[PDB]
Visitor: 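First the structure, then my questions, so here it is.
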Amino acid sequence: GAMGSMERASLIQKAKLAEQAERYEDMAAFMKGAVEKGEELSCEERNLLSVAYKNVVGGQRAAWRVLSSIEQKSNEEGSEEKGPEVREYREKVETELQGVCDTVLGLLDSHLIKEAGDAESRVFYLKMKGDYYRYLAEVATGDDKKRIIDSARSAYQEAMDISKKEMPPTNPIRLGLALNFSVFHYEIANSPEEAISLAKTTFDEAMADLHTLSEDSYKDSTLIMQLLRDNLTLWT
Amino acid sequence: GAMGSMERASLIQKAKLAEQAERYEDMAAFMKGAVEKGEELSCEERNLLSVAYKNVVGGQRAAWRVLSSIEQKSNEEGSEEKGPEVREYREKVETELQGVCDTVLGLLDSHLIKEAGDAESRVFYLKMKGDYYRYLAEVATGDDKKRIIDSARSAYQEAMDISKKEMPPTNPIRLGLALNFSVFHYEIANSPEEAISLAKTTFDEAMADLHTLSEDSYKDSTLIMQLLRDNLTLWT
Amino acid sequence: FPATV
Amino acid sequence: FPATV
Ligand SMILES: *CC(=O)Nc1ccc(-c2nc3ccccn3c2NCc2ccccc2)cc1
Ligand SMILES: *CC(=O)Nc1ccc(-c2nc3ccccn3c2NCc2ccccc2)cc1
Ligand SMILES: [Ca+2]
Ligand SMILES: [Ca+2]
Ligand SMILES: [Ca+2]
Ligand SMILES: [Ca+2]
Ligand SMILES: [Ca+2]
Ligand SMILES: [Ca+2]
Ligand SMILES: [Ca+2]
Ligand SMILES: [Ca+2]
Ligand SMILES: [Ca+2]
Ligand SMILES: [Ca+2]
Ligand SMILES: [Cl-]
Ligand SMILES: [Cl-]
């Protein structure tokens, strides 16, 4: 790895600098380097890794959607033939996106998940695994699409099972997992009723546990609860 | 070049797609490829080239400024020693930025400027040459700083001389050149009075020529005139 | 598009 | 920062 000669602490320091500079590709490369040092990641470090790749892949997804929309319009009736370029360029962005997802999934598999024993780390990583398979599913159109979808579902489900056993219903990781698994159901698995049920139950169980929280924990939890409500409003 | 096997028209088509997807690094690479085909660029193509690199280098400049500010704070009294990482990472971004500028300057030198005979193309390219030397000047701190500054000044001045002879005072290229040369004077050459004089004279000469214009030309010209006024308001 | 975190 | 185009 190109980061093999840099100290772990220096990689972390630079990831934080990259974040301040909105240099998310750099941030992701620094955090990949840090992961490849082989030590477990702290809570803060795990969130640097997730922020970095979320921003990188988020940009790719947004571009893919623009290009996919243009390509779809080109295959409508009465659309003039413009040649292979739209498809080629959509494929280029798609391949880059798939590469980033495979990189993240590779980090999780080698060896973040297997060393993650505490619920907060294990659920965090399994949520990421579900998320990055979900992004692969968004662009999948071939013979492996069902298997990609099932890989997302399996990771989310393992995360859900651990989170329900080991975390309070207001835990932000548990809430964010549920938010995203609900979106998986709606947007990927063609299961809007499951999506709505999950979001509602998650919201209601969190509401009932808010009384146990400090002011700062309350603020954190209610932010994600509002996202659940926002999705429910979109879907009903 | 990696774009050597792609048709010129396909490179142009893809640059436009990249712009729609806000993939400016891709856009710049496509347009570099197009330039390296060796044919002159049309007005539209010249503006695709400039938009692409403006966005790429604009992101680099913004990041450089963030990092430079952090580095400056680290060298204040009572600042804790954090090691070489801030400097290293600022240097990394700086080197990338310098690389992009050298790439653009290389395109202009090989061989866009020498083949540009019409005022609209020649002034456009010389403005770009001034701009990219100006960006090099923003980060220069060594023995070549004066020469970099003079290279910017020389390019802007040649562009100004042609624009004054061959273009109306409302021409958007002429206006944008003057806007940027004025900023060069203020921010790079430590010449705020020259900056203010240039912006004012440019604005006033354009005002007096607006009567000659169509509605659409009027709209174009007055947009840049407002930028001159905005700078004058900032500086006075 | 729906919210995810 | 001042405006440029
Ligand atoms: C140690 C750990 O992982 N803890 C943790 C606390 C808070 C968050 C978090 N909270 C919010 C609120 C609103 C938006 C985003 N939020 C995050 N980050 C995104 C995220 C990532 C994983 C799981 C849930 C949410 C995260 C982690
Ligand atoms: C053929 C050619 O180069 N013509 C040209 C017309 C308009 C513009 C232009 N006008 C504005 C208004 C506001 C903001 C930005 N504008 C541009 N682009 C930036 C620019 C580049 C070079 C010189 C001036 C302005 C450009 C070019
Ligand atoms: Ca070490
Ligand atoms: Ca037709
Ligand atoms: Ca074509
Ligand atoms: Ca593909
Ligand atoms: Ca462990
Ligand atoms: Ca050809
Ligand atoms: Ca101290
Ligand atoms: Ca350090
Ligand atoms: Ca340097
Ligand atoms: Ca010519
Ligand atoms: Cl392509
Ligand atoms: Cl670095």
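Proteins get letters first, then strands, A, B, ... in listed order; numbering begins at 1 in each. Keep in mind that the numbers below use all heavy atoms, side chains included, and drop hydrogens, waters and symmetry copies. Atoms within a ligand are numbered from 1 in the order they appear, just like the ligands themselves.
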Visitor: Within a 6.0 Å radius of atom CD on A/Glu71, are there more than 12 heavy atoms belonging to other residues, nucleotides or ligands?
Guide: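 Atom CD in A/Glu71 is crowded, with more than 12 foreign heavy atoms closer than 6.0 Å.
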Visitor: Measure from NZ or CZ of A/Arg61 to the centre of the six-membered ring of C/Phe1, then state whether that distance is under 6.0 Å and the direction lies within 45° of the axis.
Guide: no
Visitor: Counting neighbours of NZ on B/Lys54 that are heavy atoms of other residues, nucleotides or ligands and sit closer than 6.0 Å, is the number greater than 12?
Guide: no
Visitor: Check whether the side chains of B/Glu22 and B/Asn55 place a donor and an acceptor atom closer than 3.5 Å, and report yes or no.
Guide: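 No - no donor-acceptor pair under 3.5 Å links their side chains.
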Visitor: List the steps, then state whether salt bridge (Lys or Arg N to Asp or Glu O under 4.0 Å) holds for A/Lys16 with A/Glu44.
Guide: CA-CA 10 Å; A/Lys16 292 173 190 178; A/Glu44 180 172 10; 3.3 Å; yes
Visitor: At a cut-off of 3.0 Å, what protein N/O/S atoms sit near the Ca ion (ligand 9)?
Guide: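 Sorted hits: B/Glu80 OE1.
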Visitor: Does the side chain of A/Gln226 come under 3.5 Å of the side chain of A/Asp230 through a donor N or O and an acceptor N or O?
Guide: yes
Visitor: How about A/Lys145: does its NZ atom have over 12 heavy atoms from other parts shown lying under 6.0 Å from it?
Guide: yes
Visitor: With 3.0 Å as the threshold, which protein atoms of type N, O or S lie near the Ca ion (ligand 6)? Leave waters out.
Guide: A/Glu94 OE2
Visitor: A quick test of your reading: do over 12 heavy atoms of other residues, nucleotides or ligands sit less than 6.0 Å from CD of B/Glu138?
Guide: yes
Visitor: Report the protein N/O/S neighbours of the Ca ion (ligand 7) that fall below 3.0 Å; do not count waters.
Guide: A/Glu40 OE1, A/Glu40 OE2, A/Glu115 O
Visitor: Only pairs at least two apart or in different chains count here, so list each ring pair (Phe, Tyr, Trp, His ring centres under 6.0 Å) that has a residue in residues 79-108 of chain B.
Guide: A/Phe30-B/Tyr89
Visitor: State plainly whether the residues B/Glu187 and B/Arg134 are in salt-bridge range, i.e. N to O under 4.0 Å.
Guide: no
Visitor: Does the side chain of A/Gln157 pick up a donor-acceptor pair with the side chain of A/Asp161 at under 3.5 Å?
Guide: yes
Visitor: Out of A/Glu36, A/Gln13, A/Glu45, A/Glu39, which one pairs with A/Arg8 under the side chain to side chain donor-acceptor pair (under 3.5 Å) rule?
Guide: A/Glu45
Visitor: Is it true that, when you exclude A/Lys92 itself, more than 12 heavy atoms of the residues, nucleotides or ligands shown sit nearer than 6.0 Å to its NZ?
Guide: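 Yes.
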